[PDB]
């Protein structure tokens, strides 16, 4: 059986590994291949800080809460392993800050030690009057992609750089299954009007003394459109931009100013930080993740497509649960083709 995974971000790579880790034994030849037009450092995944944190509001598909819970348990059980440094994984605590009181998130029991802030803590942030504190995880995109690439490579998975024009292009050349993990670009392979870019711009700064994350939220400006500071392993991420439907992959000087002014006000110690660089990325925004089978009938025998895209601002937060689900659907295909 021939498998073609399109996409080399966290979704593409993690899905390919799961599939292989779960079916390499039971299957005759299991030939897996990855096609992507962009790799390891030029993907959306690369731009992400890698904070584990779902949206505050409840998901449209309750199944998404499980996928996140599963990703958190997976990562947590590997956090104190000697290899964690290479994945870019570690424990991190921090603030969520609000102007007004708001209900507890549904994930409050997934994170470590969830609590509300205390008056003395709130005094440090004059502009905010309510908030949370908890311990979570960071999975740094760049590093995790590299780790996944190495794991897959020693599993004899082959990588090809190419832009796919259509599913048929791939089916025509021999694929039995196609796993579609194309992110914000999925619309180019099949009409999906529900799918939109949530453009975001972030800054890398050098401020080793920052040990906590600080996320702020403001309903007037919307999700991830208010200042945030996220320490990485070497560098610190500064953000605050979420523009729906903007496809411009270019650092905008005015957005740069919004980041810098917003973050310095939150944390004045940043005034003396060193700016290492800036990048722009596209959040695959969709009312819910498209994780489903589609059979592509092409005359005699047809080929199987598994869609896995539309993880918006929570692809790292949820990837692993999604990969198991994709692996689960792949399994259904095997028994249908009678090969359990």
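Here the rigid core means the biggest group of C-alpha atoms that line up within 1.5 Å when the two forms are laid on top of each other. Numbering follows the first chain given and starts at 1.
Trainee: Which of these two stretches, 36-44 or 290-298, has the larger RMS Cα offset in 7 other deposited structures of this protein when the rigid core is kept aligned?
Mentor: Comparing 36-44 with 290-298, the larger C-alpha deviation in 7 other deposited structures of this protein belongs to 290-298.
Trainee: Just give me the stretch that moves more in 7 other deposited structures of this protein: 214-222 or 125-133, judged by RMS C-alpha distance after a core fit.
Mentor: With the rigid core fitted, 214-222 is the stretch that strays more in 7 other deposited structures of this protein.
Trainee: Select between 76-84 and 255-263 the stretch whose C-alpha atoms have the higher average B-factor in the entry.
Mentor: That would be 76-84.
Trainee: Comparing 231-239 with 156-164, which has the greater mean CA B-factor as deposited?
Mentor: Between 156-164 and 231-239, it is 156-164 that shows the higher mean C-alpha B-factor.
Trainee: Would you mind checking which of 308, 53, 44, 60 has the top Cα temperature factor in the PDB entry?
Mentor: Reading the PDB entry, the winner on C-alpha B-factor is 60.
Trainee: Checking the record values for 48, 296, 285, 34, which has the greatest CA B factor?
Mentor: Among 48, 296, 285, 34, the highest C-alpha B-factor in the entry belongs to 296.
Trainee: Taking the values exactly as deposited, rank residue 302 by C-alpha B-factor within its chain and report the matching third: lowest, middle or highest.
Mentor: Residue 302: CA B-factor falls in the highest third of its chain.
Trainee: Quick check on the deposited entry: does the C-alpha B-factor of residue 199 sit in the lowest, middle or highest third of its chain?
Mentor: Its C-alpha B-factor, which the entry lists for residue 199, ranks in the lowest third among residues of this chain.
Trainee: Among the modelled residues of this chain, does the Cα B factor of residue 216 put it in the lowest, middle or highest third?
Mentor: According to the entry, residue 216 has a C-alpha B-factor in the chain's middle third.
Trainee: Of the three thirds of its chain by CA temperature factor, lowest, middle or highest, which one includes residue 140?
Mentor: Its C-alpha B-factor, which the entry lists for residue 140, ranks in the lowest third among residues of this chain.
Trainee: Looking at the entry's B-factor column for C-alpha atoms only, identify whether residue 120 ranks in the lowest, middle or highest third of its chain.
Mentor: For residue 120, the deposited C-alpha B-factor lands in the middle third.
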